[PDB]
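Trainee: Got structure14.cif for you, mmCIF, C-alpha atoms:
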```cif
data_start
loop_
_atom_site.group_PDB
_atom_site.id
_atom_site.type_symbol
_atom_site.label_atom_id
_atom_site.label_comp_id
_atom_site.auth_asym_id
_atom_site.auth_seq_id
_atom_site.Cartn_x
_atom_site.Cartn_y
_atom_site.Cartn_z
ATOM 1 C CA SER A 1 94.911 110.427 90.837
ATOM 2 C CA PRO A 2 97.672 110.949 88.234
ATOM 3 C CA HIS A 3 96.977 109.026 85.045
ATOM 4 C CA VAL A 4 100.225 107.695 83.617
ATOM 5 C CA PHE A 5 100.707 106.324 80.061
ATOM 6 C CA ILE A 6 103.725 104.109 79.372
ATOM 7 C CA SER A 7 105.183 104.429 75.887
ATOM 8 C CA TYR A 8 107.569 101.578 75.102
ATOM 9 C CA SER A 9 108.763 99.211 72.400
ATOM 10 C CA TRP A 10 108.261 95.437 72.544
ATOM 11 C CA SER A 11 112.029 94.906 72.329
ATOM 12 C CA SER A 12 112.034 91.442 73.921
ATOM 13 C CA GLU A 13 109.928 89.310 76.246
ATOM 14 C CA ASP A 14 112.132 90.292 79.194
ATOM 15 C CA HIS A 15 111.693 93.959 78.365
ATOM 16 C CA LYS A 16 107.906 93.565 78.112
ATOM 17 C CA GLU A 17 107.993 91.923 81.560
ATOM 18 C CA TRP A 18 110.070 94.748 83.052
ATOM 19 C CA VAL A 19 107.548 97.297 81.786
ATOM 20 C CA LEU A 20 104.619 95.182 83.035
ATOM 21 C CA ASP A 21 106.281 94.851 86.463
ATOM 22 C CA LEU A 22 106.754 98.640 86.540
ATOM 23 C CA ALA A 23 103.135 99.261 85.630
ATOM 24 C CA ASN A 24 101.928 96.993 88.397
ATOM 25 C CA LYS A 25 104.297 98.524 90.871
ATOM 26 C CA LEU A 26 103.189 102.043 90.072
ATOM 27 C CA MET A 27 99.561 101.178 90.657
ATOM 28 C CA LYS A 28 100.274 99.145 93.796
ATOM 29 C CA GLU A 29 102.792 101.371 95.527
ATOM 30 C CA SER A 30 102.459 104.858 94.087
ATOM 31 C CA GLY A 31 98.691 105.391 93.897
ATOM 32 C CA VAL A 32 98.518 106.244 90.204
ATOM 33 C CA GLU A 33 96.412 104.950 87.331
ATOM 34 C CA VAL A 34 98.475 103.376 84.558
ATOM 35 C CA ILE A 35 97.464 103.255 80.908
ATOM 36 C CA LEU A 36 99.139 100.149 79.450
ATOM 37 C CA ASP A 37 98.589 98.625 75.993
ATOM 38 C CA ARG A 38 98.388 95.034 77.216
ATOM 39 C CA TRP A 39 95.707 95.784 79.805
ATOM 40 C CA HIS A 40 93.677 97.247 76.937
ATOM 41 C CA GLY A 41 94.425 94.369 74.560
ATOM 42 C CA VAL A 42 95.581 96.784 71.867
ATOM 43 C CA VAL A 43 95.628 95.260 68.371
ATOM 44 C CA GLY A 44 98.944 95.742 66.549
ATOM 45 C CA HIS A 45 97.581 98.027 63.825
ATOM 46 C CA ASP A 46 95.850 100.215 66.436
ATOM 47 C CA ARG A 47 99.089 100.944 68.295
ATOM 48 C CA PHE A 48 99.646 104.390 66.818
ATOM 49 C CA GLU A 49 96.099 105.456 67.523
ATOM 50 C CA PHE A 50 96.388 104.088 71.073
ATOM 51 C CA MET A 51 99.624 105.957 71.556
ATOM 52 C CA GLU A 52 98.282 109.266 70.262
ATOM 53 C CA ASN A 53 95.105 109.037 72.310
ATOM 54 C CA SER A 54 96.800 107.873 75.501
ATOM 55 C CA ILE A 55 99.318 110.716 75.422
ATOM 56 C CA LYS A 56 96.477 113.213 75.077
ATOM 57 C CA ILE A 57 94.566 111.897 78.101
ATOM 58 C CA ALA A 58 97.546 111.144 80.359
ATOM 59 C CA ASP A 59 98.856 113.537 82.988
ATOM 60 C CA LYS A 60 102.318 112.016 82.581
ATOM 61 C CA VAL A 61 103.888 109.935 79.817
ATOM 62 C CA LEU A 62 106.735 107.591 80.696
ATOM 63 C CA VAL A 63 109.013 107.092 77.699
ATOM 64 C CA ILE A 64 110.872 103.829 78.184
ATOM 65 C CA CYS A 65 114.120 104.590 76.444
ATOM 66 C CA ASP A 66 116.032 101.401 75.885
ATOM 67 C CA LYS A 67 118.406 101.207 72.911
ATOM 68 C CA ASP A 68 115.699 99.706 70.698
ATOM 69 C CA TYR A 69 113.140 102.441 71.348
ATOM 70 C CA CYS A 70 115.706 105.169 70.688
ATOM 71 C CA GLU A 71 117.091 103.672 67.489
ATOM 72 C CA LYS A 72 113.597 103.186 66.038
ATOM 73 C CA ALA A 73 112.515 106.649 67.187
ATOM 74 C CA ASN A 74 115.566 108.021 65.397
ATOM 75 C CA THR A 75 115.205 105.995 62.182
ATOM 76 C CA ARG A 76 111.514 105.342 61.381
ATOM 77 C CA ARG A 77 112.287 102.703 58.713
ATOM 78 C CA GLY A 78 108.669 102.490 57.567
ATOM 79 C CA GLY A 79 107.680 106.144 57.483
ATOM 80 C CA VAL A 80 105.253 106.005 60.402
ATOM 81 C CA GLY A 81 102.163 103.815 60.127
ATOM 82 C CA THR A 82 99.156 102.468 61.996
ATOM 83 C CA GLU A 83 101.368 99.907 63.765
ATOM 84 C CA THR A 84 103.895 102.435 65.011
ATOM 85 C CA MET A 85 104.216 102.445 68.849
ATOM 86 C CA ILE A 86 107.198 104.792 69.252
ATOM 87 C CA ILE A 87 106.782 108.516 69.844
ATOM 88 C CA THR A 88 107.327 110.633 66.716
ATOM 89 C CA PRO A 89 108.679 114.198 66.361
ATOM 90 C CA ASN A 90 105.178 115.340 65.404
ATOM 91 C CA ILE A 91 103.549 113.811 68.480
ATOM 92 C CA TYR A 92 106.331 115.091 70.753
ATOM 93 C CA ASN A 93 106.104 118.597 69.299
ATOM 94 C CA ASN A 94 102.332 118.803 69.755
ATOM 95 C CA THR A 95 102.502 117.698 73.383
ATOM 96 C CA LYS A 96 103.447 119.881 76.350
ATOM 97 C CA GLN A 97 107.055 118.979 77.219
ATOM 98 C CA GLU A 98 106.218 118.747 80.902
ATOM 99 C CA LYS A 99 104.122 115.633 80.239
ATOM 100 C CA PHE A 100 107.104 113.468 79.318
ATOM 101 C CA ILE A 101 109.264 111.555 81.790
ATOM 102 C CA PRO A 102 111.947 109.770 79.773
ATOM 103 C CA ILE A 103 113.566 106.821 81.556
ATOM 104 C CA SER A 104 116.922 105.810 80.064
ATOM 105 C CA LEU A 105 117.726 102.119 80.390
ATOM 106 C CA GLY A 106 121.483 102.188 79.996
ATOM 107 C CA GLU A 107 123.655 104.501 77.939
ATOM 108 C CA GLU A 108 125.954 104.721 74.933
ATOM 109 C CA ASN A 109 129.009 106.908 74.275
ATOM 110 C CA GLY A 110 128.515 108.458 77.705
ATOM 111 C CA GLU A 111 124.955 109.587 76.971
ATOM 112 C CA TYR A 112 121.432 108.488 77.829
ATOM 113 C CA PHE A 113 119.282 106.657 75.337
ATOM 114 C CA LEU A 114 117.100 109.573 74.330
ATOM 115 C CA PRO A 115 115.583 110.101 70.887
ATOM 116 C CA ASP A 116 117.382 112.827 68.867
ATOM 117 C CA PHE A 117 114.337 115.075 68.678
ATOM 118 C CA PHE A 118 113.582 115.263 72.389
ATOM 119 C CA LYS A 119 114.307 118.945 72.992
ATOM 120 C CA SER A 120 115.306 118.772 76.637
ATOM 121 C CA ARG A 121 118.183 116.342 77.171
ATOM 122 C CA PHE A 122 116.812 115.298 80.536
ATOM 123 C CA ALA A 123 115.834 111.771 81.428
ATOM 124 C CA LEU A 124 115.728 109.645 84.534
ATOM 125 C CA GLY A 125 118.857 107.542 84.215
ATOM 126 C CA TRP A 126 117.716 104.198 85.598
ATOM 127 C CA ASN A 127 120.143 102.816 88.164
ATOM 128 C CA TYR A 128 119.953 99.021 88.160
ATOM 129 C CA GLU A 129 122.285 98.995 91.182
ATOM 130 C CA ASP A 130 119.911 101.157 93.222
ATOM 131 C CA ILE A 131 116.377 100.422 92.020
ATOM 132 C CA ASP A 132 114.766 101.913 95.147
ATOM 133 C CA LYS A 133 116.458 105.270 94.505
ATOM 134 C CA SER A 134 115.508 105.270 90.819
ATOM 135 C CA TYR A 135 111.912 104.285 91.594
ATOM 136 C CA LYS A 136 111.621 106.910 94.327
ATOM 137 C CA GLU A 137 112.705 109.572 91.838
ATOM 138 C CA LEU A 138 110.299 108.289 89.174
ATOM 139 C CA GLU A 139 107.493 108.493 91.726
ATOM 140 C CA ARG A 140 108.507 112.056 92.657
ATOM 141 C CA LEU A 141 108.518 113.137 88.998
ATOM 142 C CA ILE A 142 105.097 111.573 88.391
ATOM 143 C CA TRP A 143 103.481 113.442 91.304
ATOM 144 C CA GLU A 144 105.264 116.710 90.528
ATOM 145 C CA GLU A 145 103.240 119.406 88.757
ATOM 146 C CA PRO A 146 105.817 121.626 86.986
ATOM 147 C CA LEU A 147 103.036 123.485 85.135
ATOM 148 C CA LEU A 148 102.119 124.957 88.536
ATOM 149 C CA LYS A 149 104.452 127.585 89.989
ATOM 150 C CA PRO A 150 103.537 129.520 93.151
ATOM 151 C CA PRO A 151 102.766 133.145 92.307
ATOM 152 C CA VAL A 152 104.643 136.225 93.420
ATOM 153 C CA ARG A 153 104.478 137.325 97.016
ATOM 154 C CA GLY A 154 102.882 140.759 97.210
#
```
Before we go any further, please render this structure as structure tokens.

Mentor:
Amino acid sequence: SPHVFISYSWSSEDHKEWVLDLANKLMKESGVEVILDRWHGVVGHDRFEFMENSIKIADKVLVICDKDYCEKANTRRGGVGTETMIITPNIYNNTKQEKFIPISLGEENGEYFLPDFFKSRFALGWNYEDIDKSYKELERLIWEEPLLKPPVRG
């Protein structure tokens, strides 16, 4: 089954719970395996290593783009360290684009919360007023295999 890593920031307790609820839902309803830091008991200073490794082994990587994740992804106040849990330009660049499914939680200035360095400007814009529709589309994107195109009819 698809193995799905969830990259997110611990912005607040409510946000952690939303991500946890999503992880559970995906495994319960969508038949995928989810790689989640809390289920692995990841130590703070192993977060970068967990992130790097999990992206490598995942089929799909959900990037939970709330304002916090985006602003930290854009700024990098520390200069990237062992505790870093937010995707970096270097990690993004070295990963096939097709792995990432950015989910924008809200928007600003008429645009999705997406880190500056994400090359495609696409994201699943989460619709809090139609969760079923948003979740259905997330599920579709997870099971899609864009690396695979049917060949030419001869």

Trainee: Any idea what's packed within 10 Å of range 55-65 of chain A, counting all atoms listed in the file, ignoring anything in its chain fewer than 3 positions away? Could you give it as an MDAnalysis selection string?

Mentor: chainID A and resid 1:9 15 19 33:35 50:52 68:71 73 86:87 91:92 94:107 112:115 123:126 138 141:145

Trainee: Between CA of residue 139 in chain A and CA of residue 26 in chain A, what distance in Å does the model show, to one decimal?

Mentor: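 So the two atoms, CA of residue 139 in chain A and CA of residue 26 in chain A, lie 7.9 Å apart.
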
Trainee: Contacts of residue 46 in chain A at 12 Å or less, counting all atoms listed in the file, minus same-chain residues fewer than 6 places along, as a ChimeraX atom specification?

Mentor: /A:37,40,52-54,81-85

Trainee: Just checking: using only C-alpha atoms, which residue out of A:136, A:20, A:66, A:80 ends up closest to residue 47 in chain A?

Mentor: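 Once distances to residue 47 in chain A are computed over only C-alpha atoms, the minimum belongs to A:80.
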
Trainee: Would you mind reading off the distance between CA of residue 147 in chain A and CA of residue 119 in chain A, one decimal, in Å?

Mentor: 17.2 Å

Trainee: Draw an axis-aligned box tight on the listed atoms of range 67-76 of chain A, then pad every side by 5 Å and write out centre and edge lengths in Å to one decimal as lines of an AutoDock Vina configuration file.

Mentor:
```
center_x = 115.0
center_y = 103.9
center_z = 67.1
size_x = 16.9
size_y = 18.3
size_z = 21.5
```

Trainee: Rank nothing, just name the residue among A:77, A:153, A:16, A:72 nearest to residue 116 in chain A, using all atoms listed in the file.

Mentor: A:72

Trainee: At what distance in Å, to one decimal, does CA of residue 89 in chain A lie from CA of residue 118 in chain A?

Mentor: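 Atom-to-atom, CA of residue 118 in chain A to CA of residue 89 in chain A, that is 7.8 Å.
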
Trainee: I'd like to know which of A:154, A:76, A:137, A:88 is closest to residue 30 in chain A, using all atoms listed in the file.

Mentor: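 The closest residue to residue 30 in chain A is A:137.
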
Trainee: Can you complete the atoms of range 18-39 of chain A to N, CA and C atoms and list them as an mmCIF file, in the coordinates of the input?

Mentor:
```cif
data_model
loop_
_atom_site.group_PDB
_atom_site.id
_atom_site.type_symbol
_atom_site.label_atom_id
_atom_site.label_comp_id
_atom_site.auth_asym_id
_atom_site.auth_seq_id
_atom_site.Cartn_x
_atom_site.Cartn_y
_atom_site.Cartn_z
ATOM 1 N N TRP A 18 109.593 93.640 82.224
ATOM 2 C CA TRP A 18 110.070 94.748 83.052
ATOM 3 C C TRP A 18 109.064 95.899 83.054
ATOM 4 N N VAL A 19 108.527 96.224 81.882
ATOM 5 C CA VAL A 19 107.548 97.297 81.786
ATOM 6 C C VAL A 19 106.252 96.917 82.516
ATOM 7 N N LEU A 20 105.796 95.682 82.325
ATOM 8 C CA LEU A 20 104.619 95.182 83.035
ATOM 9 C C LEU A 20 104.808 95.233 84.558
ATOM 10 N N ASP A 21 105.977 94.805 85.033
ATOM 11 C CA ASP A 21 106.281 94.851 86.463
ATOM 12 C C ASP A 21 106.240 96.290 86.977
ATOM 13 N N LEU A 22 106.753 97.219 86.175
ATOM 14 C CA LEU A 22 106.754 98.640 86.540
ATOM 15 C C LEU A 22 105.334 99.188 86.605
ATOM 16 N N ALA A 23 104.509 98.830 85.647
ATOM 17 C CA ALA A 23 103.135 99.261 85.630
ATOM 18 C C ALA A 23 102.373 98.811 86.892
ATOM 19 N N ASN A 24 102.594 97.553 87.237
ATOM 20 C CA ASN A 24 101.928 96.993 88.397
ATOM 21 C C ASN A 24 102.411 97.702 89.638
ATOM 22 N N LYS A 25 103.688 97.923 89.697
ATOM 23 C CA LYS A 25 104.297 98.524 90.871
ATOM 24 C C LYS A 25 103.763 99.940 91.111
ATOM 25 N N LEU A 26 103.700 100.690 90.016
ATOM 26 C CA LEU A 26 103.189 102.043 90.072
ATOM 27 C C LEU A 26 101.761 102.106 90.613
ATOM 28 N N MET A 27 100.939 101.178 90.197
ATOM 29 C CA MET A 27 99.561 101.178 90.657
ATOM 30 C C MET A 27 99.486 100.696 92.124
ATOM 31 N N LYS A 28 100.312 99.733 92.457
ATOM 32 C CA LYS A 28 100.274 99.145 93.796
ATOM 33 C C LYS A 28 100.855 100.064 94.856
ATOM 34 N N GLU A 29 101.981 100.678 94.533
ATOM 35 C CA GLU A 29 102.792 101.371 95.527
ATOM 36 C C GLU A 29 102.735 102.896 95.478
ATOM 37 N N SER A 30 102.364 103.420 94.334
ATOM 38 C CA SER A 30 102.459 104.858 94.087
ATOM 39 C C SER A 30 101.111 105.553 93.871
ATOM 40 N N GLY A 31 100.020 104.796 93.935
ATOM 41 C CA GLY A 31 98.691 105.391 93.897
ATOM 42 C C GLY A 31 98.348 106.124 92.610
ATOM 43 N N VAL A 32 98.878 105.652 91.490
ATOM 44 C CA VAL A 32 98.518 106.244 90.204
ATOM 45 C C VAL A 32 97.738 105.259 89.350
ATOM 46 N N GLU A 33 97.073 105.781 88.325
ATOM 47 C CA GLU A 33 96.412 104.950 87.331
ATOM 48 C C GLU A 33 97.345 104.819 86.146
ATOM 49 N N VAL A 34 97.570 103.591 85.685
ATOM 50 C CA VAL A 34 98.475 103.376 84.558
ATOM 51 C C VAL A 34 97.703 102.947 83.321
ATOM 52 N N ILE A 35 97.981 103.632 82.215
ATOM 53 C CA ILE A 35 97.464 103.255 80.908
ATOM 54 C C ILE A 35 98.505 102.396 80.189
ATOM 55 N N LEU A 36 98.199 101.111 80.033
ATOM 56 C CA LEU A 36 99.139 100.149 79.450
ATOM 57 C C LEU A 36 98.471 99.375 78.319
ATOM 58 N N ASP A 37 99.149 99.286 77.175
ATOM 59 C CA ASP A 37 98.589 98.625 75.993
ATOM 60 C C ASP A 37 98.052 97.213 76.254
ATOM 61 N N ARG A 38 98.784 96.425 77.025
ATOM 62 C CA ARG A 38 98.388 95.034 77.216
ATOM 63 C C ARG A 38 97.142 94.856 78.074
ATOM 64 N N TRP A 39 96.907 95.805 78.975
ATOM 65 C CA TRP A 39 95.707 95.784 79.805
ATOM 66 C C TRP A 39 94.483 96.185 78.991
#
```
